[PDB]
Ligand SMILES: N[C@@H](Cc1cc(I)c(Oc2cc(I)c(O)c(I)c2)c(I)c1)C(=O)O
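Quick setup: one chain, the form deposited without this ligand, written in structure tokens, and binding and motion questions come after.
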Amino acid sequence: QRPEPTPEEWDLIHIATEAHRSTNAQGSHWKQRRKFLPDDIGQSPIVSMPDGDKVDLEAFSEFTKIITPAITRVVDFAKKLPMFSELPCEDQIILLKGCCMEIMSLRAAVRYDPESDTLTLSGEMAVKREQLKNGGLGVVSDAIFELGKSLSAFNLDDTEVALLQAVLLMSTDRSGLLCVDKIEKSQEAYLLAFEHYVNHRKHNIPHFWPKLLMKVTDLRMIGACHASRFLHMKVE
């Protein structure tokens, strides 16, 4: 009834799923290696910042210590998608700076653990809503957790997530792009493959596809609130 990946789109999906899996911290068995950020950390948000806000700085350090590798992995992922590597250097850097939080956020959210109400950062650090609120995301902490809980139910697989990530990456909605039309063709290709792959999985949920497109908007929201700290160093 509802259409299902063409053979060129099965190819796209292999490449994208392998790019995601090869850059997802600790891989598919991440859950068996975790350290819970300890209780005494992230509880006291007392230090002002050059931006005006108060932050439990110890916590902010513990987070800042593991963020660069996480960024690196987003870049590794991007560079493994051929439609992304064909872009000019100038546009690659824009696009990366632009989705890097959208993607790290999604990457944590699908590793939401209802058993302990924690997010899992880079496959190892289990954190509570309040630790990451006080560590420097404000309300953004609350937004990712709501999303975590929301996705438990959708039960996404590494392909769905991979493809979701490519749709985030090839956004045409960024200041400064040269090759806008190429990016939109590629976004459209990924969207259409993704819609098809979702067909191919009979999801025991009504309206799965459109419900899931809505979480794109939530992720672009996250990325818009926490966009400052990405004048990151992209090396192509």
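Shifts are known only where both forms have a C-alpha. By rigid core we mean the largest C-alpha set that fits within 1.5 Å across both forms. When you see a residue number, it is the position in the sequence shown, counting from 1.
What comes next is about the form solved in complex with this ligand, which is not displayed.
- With this ligand left out of view, the stretch that reaches within 4.5 Å of it through heavy atoms in the deposited bound form is, among 180-188, 32-40, 45-53, 200-208, 180-188.
- For residue 213, a non-hydrogen atom is located within 4.5 Å of this ligand in the deposited bound form, even though that partner is not displayed.
- Along 149-177, one residue reaches a heavy atom to within 4.5 Å of this ligand in the deposited bound form: 171.
- With the rigid core aligned between the shown form and the other one, only one of 185, 54, 174, 200 has a CA shift of 2 Å or more: 54.
- Expansion of the residue 50-residue 58 CA spacing by 3 Å or more is recorded in the deposited bound form, set against this form.
- By 3 Å or more, the C-alpha separation between residue 94 and residue 51 grows in the deposited bound form relative to the form shown here.
- Taking residues common to both forms and aligning the rigid core, Cα displacements of 2 Å or more over three or more consecutive positions between the shown form and the other one occur only in 47-54.
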